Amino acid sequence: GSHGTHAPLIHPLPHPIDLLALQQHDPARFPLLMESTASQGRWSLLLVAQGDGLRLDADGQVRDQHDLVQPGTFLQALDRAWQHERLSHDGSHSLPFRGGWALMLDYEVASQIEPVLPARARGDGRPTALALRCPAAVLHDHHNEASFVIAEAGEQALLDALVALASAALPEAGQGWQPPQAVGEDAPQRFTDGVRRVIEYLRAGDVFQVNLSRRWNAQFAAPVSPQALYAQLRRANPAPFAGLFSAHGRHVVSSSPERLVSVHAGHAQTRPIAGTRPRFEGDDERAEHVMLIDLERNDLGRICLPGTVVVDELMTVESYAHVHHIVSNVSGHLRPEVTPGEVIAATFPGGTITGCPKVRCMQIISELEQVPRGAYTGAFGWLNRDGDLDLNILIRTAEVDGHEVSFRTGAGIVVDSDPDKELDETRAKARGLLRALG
């Protein structure tokens, strides 16, 4: 009666390897790189693709590697592909990724989740979202010099070919960085008028906080290298977590992410990896303290077992003479047949970079920003065959397209916000990135 286990193959490697270089070498083979700090020190992970997967295309349809239209939304198709290769959980997590899919989702996935929101294709016509079958990974402990290949049981060949083609060169990545030759941004009036319009909704009492953003761009003389950009940004800000996703012409460099959702053996968690929820204040003696709970919020609470959900402070808003403590469900145990798409649907996009209440804030964001957010406040990361998943919210994140780098920054508007100050805060957030582009 004892359950068959499916431990992943794990081969220790000759010597430390350069994952960035390795990706730069064969981007097609290595669609996603992620860096982390254990509670140890630094490490990295590079996912190895095998060539199947799914994409949500600009015509609003999902397709696979054979360009066949899969019916439904990206998250339905993703759920069918996961069921098809689903594994049962073996209860061990030394190793956080064990094979399954690299995921990248733009913010605009949200209109498939809440179809009240107008759908938007990417301007460049590339895929809004991707799920890439990845049956192996390369890991690199920074603390201990150790590198490994890991692959799903039954992938001995692929594992072999990777042990081959690691320790084979190391041309050495992310060199030839050229600073940009022009820099640009949305006309500032668009933002400050957006803020004034946000403040009408806040004064009406229908929303309590809204993350309003604006787009920045940098133009270069020669085509940009995603890994060279990545290296610039990591040097300039060595944040604990980061990554780089690249495939299908999407090139998404993340320099300061937050956790969107983590699931380990059905235990789902949304708490900031930082450890501390965000505080939002405007530009205004004993403050009032009101706890606010959105009773219709669609979140982990809808997909978890009763008696397991933990509630905690999502964010605070502090204006005039009050502090509102915005509380939501932050972790729980999933019902046993909850699918990865349903966890994504319950959690995406995060509440602190849209607003509260979430859906109404997304409609205001959509009307005021007028263009897709792309990777900004989207997510990427991975899904294991056993359903474990790790997705990050993309906050300090740039996209590369040929000679152009773009990125958005935003400010959490609250009822006593000052429009020109919020504008300054968006520029203060862009400064760090623009510095590093130098």
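In this text, residue numbers run from 1 along the sequence as written.
Deposited but uncoordinated residues in the residue 284/residue 285 interval
The entry leaves 10 or more residues without coordinates here.
Do the C-alpha atoms of 375-383 or of 44-52 have the higher average B factor in the entry?
Taking the mean B-factor of the alpha carbons in each, 44-52 is higher.
362-370 versus 145-153: which one carries the higher mean Cα B factor per the record?
According to the entry, 145-153 carries the higher average C-alpha B-factor.
Sorting 62, 28, 395, 32 by Cα temperature factor from the record, which one lands on top?
When the deposited C-alpha B-factors of 62, 28, 395, 32 are compared, 28 is largest.
Quiz for you: based on the deposited Cα B-factor, which of 292, 158, 218, 334 is highest?
Among 292, 158, 218, 334, the highest C-alpha B-factor in the entry belongs to 158.
Assigned third (lowest, middle, highest) for the C-alpha B factor of residue 208
CA B-factor rank for residue 208: lowest third.
Splitting the chain's C-alpha B-factors into thirds, which one does residue 90 fall into?
According to the entry, residue 90 has a C-alpha B-factor in the chain's highest third.
Lowest, middle or highest third: which one holds residue 191 when the chain's residues are ordered by CA B-factor from the entry?
Bottom third by C-alpha B-factor.
For residue 121, does the deposited CA B-factor place it in the lowest, middle or highest third of the chain?
Middle third, going by the recorded CA B-factors of the chain.
Relative to the other modelled residues in the chain, which third contains the C-alpha temperature factor of residue 180: lowest, middle or highest?
It falls in the middle third of the chain.
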